[PDB]
Amino acid sequence: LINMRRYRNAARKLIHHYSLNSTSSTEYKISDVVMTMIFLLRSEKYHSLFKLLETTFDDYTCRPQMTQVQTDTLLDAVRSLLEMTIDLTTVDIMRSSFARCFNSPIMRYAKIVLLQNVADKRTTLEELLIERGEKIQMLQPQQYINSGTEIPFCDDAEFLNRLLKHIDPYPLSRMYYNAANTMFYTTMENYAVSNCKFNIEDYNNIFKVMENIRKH
Amino acid sequence: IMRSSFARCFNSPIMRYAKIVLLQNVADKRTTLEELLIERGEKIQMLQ
Amino acid sequence: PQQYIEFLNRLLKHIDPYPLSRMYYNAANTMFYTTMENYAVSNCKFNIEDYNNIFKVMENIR
Amino acid sequence: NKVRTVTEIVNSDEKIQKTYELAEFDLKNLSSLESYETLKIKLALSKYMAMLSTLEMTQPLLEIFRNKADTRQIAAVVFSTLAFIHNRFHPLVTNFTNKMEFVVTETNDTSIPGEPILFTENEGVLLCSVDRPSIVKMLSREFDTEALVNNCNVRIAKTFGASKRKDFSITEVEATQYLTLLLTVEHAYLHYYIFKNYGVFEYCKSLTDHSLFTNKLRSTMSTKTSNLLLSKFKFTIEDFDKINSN
Amino acid sequence: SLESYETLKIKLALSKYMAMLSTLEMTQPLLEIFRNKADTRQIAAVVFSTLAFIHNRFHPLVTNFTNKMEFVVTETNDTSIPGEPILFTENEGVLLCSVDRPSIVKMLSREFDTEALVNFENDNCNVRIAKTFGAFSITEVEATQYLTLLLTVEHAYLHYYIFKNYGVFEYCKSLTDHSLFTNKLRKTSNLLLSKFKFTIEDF
Amino acid sequence: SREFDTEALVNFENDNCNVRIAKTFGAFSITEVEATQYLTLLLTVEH
Amino acid sequence: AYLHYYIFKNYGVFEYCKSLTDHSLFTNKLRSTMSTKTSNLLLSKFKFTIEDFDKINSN
Amino acid sequence: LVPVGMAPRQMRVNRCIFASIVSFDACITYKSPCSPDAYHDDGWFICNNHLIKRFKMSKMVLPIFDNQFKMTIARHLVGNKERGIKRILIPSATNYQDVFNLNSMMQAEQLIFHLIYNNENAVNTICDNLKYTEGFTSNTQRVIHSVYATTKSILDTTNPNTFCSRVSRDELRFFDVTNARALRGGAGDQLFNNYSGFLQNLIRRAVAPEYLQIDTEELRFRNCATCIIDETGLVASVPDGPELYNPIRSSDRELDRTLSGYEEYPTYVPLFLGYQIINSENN
Amino acid sequence: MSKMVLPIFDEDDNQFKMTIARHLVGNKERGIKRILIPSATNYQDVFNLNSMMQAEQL
Ligand SMILES: [Zn+2]
């Protein structure tokens, strides 16, 4: 027999990381992958996801074909597992990530990669800019405010103090880490879905700019 | 501790002289005194 | 604003064996340490030469 | 490094020399600066939360962004954040002058990766484009409320010197959500500032490469304006060099 | 010997400051007085009396002294200046004396190296042996604290004299730059700050 | 409507910190932007 | 523990941490005052040593 | 929004009623002077400043005991030579309108007084006049409603506890001259009853009893009464004869050589009147 | 008795400060225990002269 609960927990954590649904970062290992796959196999509920991932053992550079019922079942299973919302885009992201992991060899060191192979034609940032901007200009403003107005600043100093107390035990370091990684992962997902190369250089140039402004 | 000590003794060869050793292999990750200092001090400061 | 406004020989004996030089040393070092602490807390640059000027005594020629 | 002091009486030559190691004062200064910066950032975050409350929207932030129908509240929140950042850079400004338009995209072919909030004029007035799906995705991504983030000597010294102390729906998760929204709107505001003050071509070039931000902003930001929120920490991509080589 | 006579004179000046303290008749030691924030009146009286004592010493022929002064005991960091625990501002004709009670308390609480250091002293073992065969107090630490406070108020009083004699502008400039009183005595002799030297060196 | 570089530029001015400190210890309007606009219009009409 | 605390109080928290890391600093930081004015350390009654210290160090 | 749905927050609260005074003329800004004491959660529902200004009274503490219990007490600010109406320390409901110059003070304070003193007719008159005066609807109406609500909240907090104290068996108080063989005492209890519940609470917090019987032990703080109560209200008068000298040293050489640091007895005149009884400590 | 001082006029420079002492007798003592300054007829009884030094008795 197996500790299906522990297997499930490891599976959930690994799936979260490989679907970029959690900013949490931790070590992972072949033990964890095996936990995940065994849990999926044993669970009647998740047989479809098990089949999906098992198919990654092959060339894995392919788009699985599913009926609408199959896709709905898979999405329901994933959403029940992670308790969230989700998307077949996330399904494909997990498929690609797990395929890369399975195809990767056993190594003495962890492999750090970037999301890719999600949703054929490679598009540049410039082409995306042109097309998206044209479509946006086509779009019309859903709502607007008039000129001037006034920022609605709060006034209750006691209220501000209460909020300050409520937030004091929150570590700014952890909050900053979580926020930055959230933004980074969402940008990664957008790029991968768009099939446009992610400019790691410019993404880091953002922080370079932050530092260059700070130093002055 | 006894398990580790006796394992070391059993694995050791017959020798004309006694072997003087230090306790080790008790409870995987090697931690430095500095890391222990940081972590324990943080937890202590948390304590009241 | 908050606010507005013989036996000394025995006490001299009491303090007589004290090393006056050590007294100055301790007092000056206490002041300097407190000044450095305040500077560090305030993140304000410190003017070593001006502090020396504070405790600088010129010597005459007689 | 270190310093030393010499005490001496004018009439006597018996001098007492003491030595000081500046590391202690360095620790004092670093702790003071860290505490001050933390207090400033928490004050700003609390102020942002408080003004959003002043708007008096019943739902919480994430629910607001999930409710696709109520574009009114999305626009209100976005404009309020943008104006707050604008004032934080220009405290004397409490409005935004020219009226503002808003649109909420709903599709990938309508959204631009890496710039969920962007700006474009209709040749008469500026329109702000919002990627509500992306906002929802960011604010919904599970956050880590457990792991910590980070010279060992000074680390230990701070550990042993600094102390610790053992009805709002806000948890660290919601605080993180607010901070993420603020940072995103700050990025968008920087883009918009470069746009307004350097032309649409410069705005497009910045979008292509943010590096221009360095000069186009530090010319005015680092001197007259409160530092960027990100300035609180130095950020970096894990395994950046190998990733670049990839 | 001679230097011992000047030492005796300096200790006599300290004893006179002690007489002033007794005249004030404080139940607690100055350390506890400063530690007790509620004793604002005691702190203000101590500072004022020390300033008057220093004024009398610096101007022996002058017995007059400002008989009323606004006082404010500061506690917050933003209410204090490093290197100037005592300040003399003016609120548009009103003379305010600001005090950095936390800094005073810190200085006083600092451990002194009384025993730690060894210094030259009258150590004739023959005299000690001859004596052996023929056969309310103040500690060294308390004396050190008391000297520290006296010298602090001496610095404050010098700044105050600059303020009164020259004006608030020159008082601020003196706060910025203390080079004015490298010469010091040039009256001043009765000020202990003119009795020794202190220096800082890169190391 | 053009944004003016009031804050952006730094120019020589009476900056005696000693005077500022001395003052501190002794202790319908027009903005710079409005003045700039008004100067611009005056010079335009001058041309 | 008292020696550690003495070094702390009279040399700052950084020096205290350094002493914790390496007690050798005790030598100067204490003998400056202890051996001269204070009763010798209790351990002073005997010279202590670790059995097979050299081989253990080589290990 | 940030806060949980409703979830009444917890913070400090200014307690003196007069803190709510504000100019009904919104175009005229006004700030009432409040002593910081108002922010202490104690039996006092008036700050030191308002107390001295309107009632000529200053707060004070009386240590009581092993365990040092602190009993609230007020003291006279009345000078020796003050006479007649000046001696009314706290006017009664039949005299407050005259003792307090309603004309000379603000309408909001007049409403506050007509609320404290149970004068519904005057309260209604003020409300209607404000309804038909100035831009009532715009903001004056809301300001008036806010002030009225604050005053009514304080009164609703006080009066129930006051009534429970009145009918209480364990705790008993009798505001009269304990020297029953006196004429200036009278039906002090009846007059105290005539007072409003909140006014009764103020009287309790201010006037200490001449005697105090705790269980079986009685403590006599005075051999005499320092104030009286009549139809006019609380009067700063000596029941037996000449008024007590009240130097009023503040607020509105050989001698010292000998009298250096030296215990000094205050010249203040605290409020001692009536009998008080209690079972157990209830503290 | 505990020494104390009672100011009378203390406005500007008129500083009439009448002296006064305080009871050190509780509300339970009586008779001899309560007598502060005994008469010549009873001081010998109030004071335990035998318990004090003969010089004090003198
Ligand atoms: Zn008040």
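No Cβ is skipped: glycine too gets one built from the backbone with ideal geometry, and neighbour counts run over all protein chains shown. Values quoted throughout were computed directly from the atomic coordinates according to the rules given, and no laboratory measurement underlies them.
If you take the charge dipole of chain A about its Cα centre, with +1 on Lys and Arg Cβ and -1 on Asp and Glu Cβ, which of A:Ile106, A:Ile93, A:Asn190 is farthest toward its positive end?
Selected residue: A:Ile106.
Based on the alpha carbons, how large is the Rg to Rh ratio for region A:170-216 when Rh follows Kirkwood? Write out the running numbers ahead of the final one.
Values: Rg = 13.1 Å, Rh = 12.2 Å.
Value, to two decimals: 1.07.
Given +1 on the Cβ of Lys and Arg, -1 on the Cβ of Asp and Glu, and no further charges, what dipole in debye does chain F carry about its Cα centre, rounded to the nearest 20? Please report the intermediate quantities before stating the final value.
Working: 3 positive and 8 negative charges, 52 e Å.
The dipole of chain F has a size of about 260 debye.
With the cut-off at 16 Å, report for chain F the share of all Cα pairs above it, as a whole percent.
Values: 677 of 1081 pairs.
The calculated P(r) of chain F puts 63 percent of pairs beyond 16 Å.
If all Cα-Cα distances of chain I are sorted into 5 Å bins from 0 onward, what percent lands in each bin, rounded to whole numbers?
4, 15, 15, 16, 16, 11, 8, 7, 6, 2, 0
For region A:1-144, compute the orientation-averaged projected area of the C-alpha convex hull (one quarter of its surface), in nm².
Details: hull surface 49.5 nm².
Taking a quarter of the hull surface, the average projection is 12.4 nm².
Using Cα pairs closer than 8 Å and at least 6 residues apart in sequence, work out the relative contact order for chain I, in percent.
Taking the mean separation of contacting Cα pairs over the length of chain I, I get 23 percent.
State which stretch of chain I is the longest one without any exposed trypsin sites (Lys or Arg not before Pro), exposure meaning a DSSP loop state and at most 15 other Cβ atoms within 10 Å.
Numbers: sites that count: I:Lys28, I:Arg30, I:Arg34.
Formally, the longest exposed-site-free interval is I:1-27.
Can you give the convex hull volume of the alpha carbon atoms of region D:153-246 per residue, in Å³? Mind dumping the intermediate values first?
Details: hull volume 20.9 nm³, N = 94.
Measuring per residue, one finds 222 Å³ for the Cα hull of region D:153-246.
Two decimals is fine: what is log10 I(q)/I(0) at q = 0.15, 0.17, 0.18, 0.20 Å⁻¹ for region A:111-208, from a Debye sum with one equal scatterer on every Cα and no solvent?
Results for region A:111-208 at q = 0.15, 0.17, 0.18, 0.20 Å⁻¹ read -0.95, -1.00, -1.02, -1.07.
Between D:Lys166 and E:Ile129, what FRET efficiency follows from the Cβ-Cβ distance if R0 is 51 Å, with the result rounded to 0.05? Show your work: numbers first, answer last.
Values: r = 62 Å, r/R0 = 1.21.
My answer for the efficiency is 0.25.
Once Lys and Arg get +1 and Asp and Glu get -1 on their Cβ, which of G:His4, G:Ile56, G:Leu20 lies farthest toward the positive end of the dipole of chain G?
The listed residue farthest towards the positive side: G:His4.
Which residue, H:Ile277, E:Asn91, H:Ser138, has the largest displacement toward the positive end of the dipole of the protein assembly as shown when charges sit on each Cβ (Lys, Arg +1; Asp, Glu -1)?
Sorting the options by dipole projection puts first H:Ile277.
Using only the alpha carbon atoms of region H:133-283, find the Kirkwood hydrodynamic radius as the inverse mean reciprocal pair distance, in angstroms to one decimal. Before the final figure, lay out the partial values.
Values: mean 1/r = 0.0533 Å⁻¹.
Computed over region H:133-283, the radius equals 18.8 Å.
Counting pairwise Cα distances across region E:57-118, what percent come out greater than 20 angstrom?
Numbers: 950 of 1891 pairs.
Summing the P(r) tail past 20 Å for region E:57-118 gives 50 percent.
If the cut-off is a Cα-Cα distance under 20 Å, which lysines reach F:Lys23, setting aside same-chain residues fewer than 8 apart in sequence?
E:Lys164, E:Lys173
Taking only the Cα atoms of region A:85-134, how large is their convex hull per residue, in Å³?
Details: hull volume 6.7 nm³, N = 50.
So the per-residue Cα hull volume is 133 Å³.
Please give, to one decimal in nm, the separation of the simple spin-label points placed at C:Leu12 and G:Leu42, each 7 Å out from Cα toward the Cβ.
Output for this residue pair reads 4.8 nm.
Across the Cα atoms of region E:1-133, what radius of gyration and what greatest pairwise Cα-Cα distance (Dmax) are found, in Å?
19.6, 70
Taking only the alpha carbons of the protein assembly as shown, what extent do you get along each of the three principal axes, in Å, biggest first?
124, 102, 90
How much net charge surrounds E:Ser189 when only other residues with a Cβ under 13 Å from its Cβ are counted (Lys, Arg +1; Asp, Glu -1)? Walk me through the numbers before you get to the answer.
Details: positive: E:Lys9, E:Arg57, E:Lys184, E:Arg186, E:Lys187, E:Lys195; negative: E:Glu6, E:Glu154.
Surrounding charge for E:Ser189 is +4.
Report the dimensions of region E:145-190 along its three principal axes from the alpha-carbon atoms, largest first, rounded to Å.
Extents along the principal axes, in whole Å: 32, 21, 17.
I need the P(r) histogram for chain B: all alpha carbon pairs, bin width 10 Å from 0 out to the longest distance, whole percents.
20, 31, 23, 18, 7, 1
Quick one: of the DSSP bridges fully inside region E:1-126, what percent are antiparallel, nearest 5?
Values: 6 of 11 bridges.
So the antiparallel bridges in region E:1-126 amount to around 55 percent.
Using +1 on the beta carbon of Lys and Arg, -1 on that of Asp and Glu, and nothing else charged, what's the dipole of the protein assembly as shown about the Cα centre, debye to 20?
Values: 136 positive and 140 negative charges, 672 e Å.
The dipole magnitude comes to about 3220 debye.
Cross-link partners among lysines for I:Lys28, C-alpha distance below 28 Å, same-chain residues fewer than 8 apart left out?
H:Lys70, I:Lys3
For the pairs A:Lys29/A:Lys197; D:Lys28/G:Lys18; D:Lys42/D:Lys234; D:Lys2/D:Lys28; A:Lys215/D:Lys40, note any where the Cα-Cα span goes beyond 21 Å. Let's see the in-between values first.
Details: A:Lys29/A:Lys197 28 Å; D:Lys28/G:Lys18 17 Å; D:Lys42/D:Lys234 18 Å; D:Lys2/D:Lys28 15 Å; A:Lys215/D:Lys40 18 Å.
Violating the 21 Å Cα-Cα cut-off are A:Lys29/A:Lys197.
How shielded is H:183-190 by partner chains, expressed as the average number of their Cβ atoms within 10 Å of its Cβ atoms?
On the way: counts 0, 0, 0, 0, 0, 0, 0, 0.
Mean number of neighbouring Cβ atoms from other chains: 0.
In Å, what is the Rg of the alpha-carbon atoms in chain D, and how long is Dmax?
Values for chain D (Cα only, Rg and Dmax): 23.9, 88 Å.
Given the convex hull over the Cα atoms of region H:198-283, what projected area results after averaging over all orientations, in nm²?
Working: hull surface 39.1 nm².
The number I arrive at for region H:198-283 is 9.8 nm².
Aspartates and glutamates within cross-link reach of H:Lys131: Cα-Cα under 15 Å, excluding same-chain residues under 8 positions apart?
The reachable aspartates and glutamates, counting only those whose Cα sits under 15 Å from H:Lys131, are H:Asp25.
So, in nm, how far is label I:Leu6 from label H:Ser165 when the simple model puts each one 7 Å beyond its Cα toward the Cβ?
3.2 nm
When the distances between all Cα atoms of region H:125-214 are binned every 10 Å from zero, what whole-number percent does each bin get?
Each 10 Å bin holds this share of Cα pairs: 14, 32, 22, 17, 12, 3, 0.
Computed on alpha carbon atoms, what radius of gyration and Dmax characterise chain H, expressed in Å?
Rg, Dmax (Cα atoms, Å): 21.1, 71.
Starting from a Cα-only point model with no solvent, please compute log10 I(q)/I(0) by Debye for region H:149-188 at q = 0.30 1/Å.
Here log10 of I(q) over I(0) equals -0.91.
Multiply the residue separation of D:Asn67 and D:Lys15 by 0.36 nm, subtract the distance between their alpha-carbon atoms, and state the gained length in nm to one decimal.
On the way: separation 52, 0.36 × 52 = 18.72 nm, distance 7.75 nm.
Extra length available between D:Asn67 and D:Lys15 comes to 11.0 nm.
With Kirkwood's inverse mean 1/r over C-alpha pairs for Rh, give me the Rg to Rh ratio of region E:99-203, two decimals please. Don't skip to the end; give the middle numbers.
Numbers: Rg = 19.7 Å, Rh = 17.6 Å.
Looking at region E:99-203, the ratio lands at 1.12.
Using R₀ = 45 Å, calculate the FRET efficiency as 1/(1 + (r/R₀)^6) where r is the Cβ-Cβ separation of A:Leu160 and A:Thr123; round to 0.05. Don't jump to the answer; show the numbers that get you there.
Values: r = 47 Å, r/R0 = 1.03.
It comes out at approximately 0.45.
Would you kindly work out the equivalent ellipsoid of region H:61-160 from its C-alpha gyration tensor and give its semi-axes, the square roots of five times the eigenvalues, largest first in whole Å? It would help to have the intermediate numbers written out before the result.
On the way: eigenvalues 220, 87, 25 Å².
Working from the Cα gyration tensor, I get semi-axes of 33, 21, 11 Å.
At q = 0.12, 0.14, 0.20 Å⁻¹, what log₁₀ I(q)/I(0) does region H:1-142 have when each alpha carbon counts as one equal point scatterer in the Debye sum?
Computed log10 I(q)/I(0) values: -0.68, -0.87, -1.31.
Under the Cβ-under-4.7 Å rule, which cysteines of chain H stay unpaired?
That list is H:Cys27, H:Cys34, H:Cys127, H:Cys164, H:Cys224, H:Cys227.
How large is the direction-averaged shadow of the alpha-carbon convex hull of region H:178-230, in nm²?
Values: hull surface 17.2 nm².
Across all orientations, region H:178-230 yields a mean hull projection of 4.3 nm².
How large is the dipole of chain D about the Cα centre if only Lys and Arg carry +1 and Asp and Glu carry -1, each at its Cβ, rounded to the nearest 20 debye? Don't skip to the end; give the middle numbers.
Numbers: 29 positive and 30 negative charges, 138 e Å.
With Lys and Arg at +1 and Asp and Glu at -1, about 660 debye.
Calculated FRET efficiency, D:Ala147 and B:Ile44, Cβ-Cβ r, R0 25 Å, to nearest 0.05? Display every interim value, and only then the final one.
Numbers: r = 20 Å, r/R0 = 0.82.
Taking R0 as 25 Å, the efficiency between D:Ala147 and B:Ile44 is 0.75.
Ranked highest first by the average count of other Cβ atoms within 10 Å around their residues, in what order do I:49-56, E:87-94, A:91-98, A:194-201 fall?
Values: I:49-56: 8.9, E:87-94: 14.6, A:91-98: 21.6, A:194-201: 17.5.
Put in order of decreasing packing, that is A:91-98, A:194-201, E:87-94, I:49-56.
Rounded to a whole number, what is D in µm²/s for region D:1-65 from Stokes-Einstein with the Kirkwood radius over alpha-carbon pairs (25 °C, 0.890 mPa s)? Could the numbers behind the result be given before it?
Numbers: Rh = 16.9 Å.
This corresponds to a translational diffusion coefficient of 145 µm²/s.
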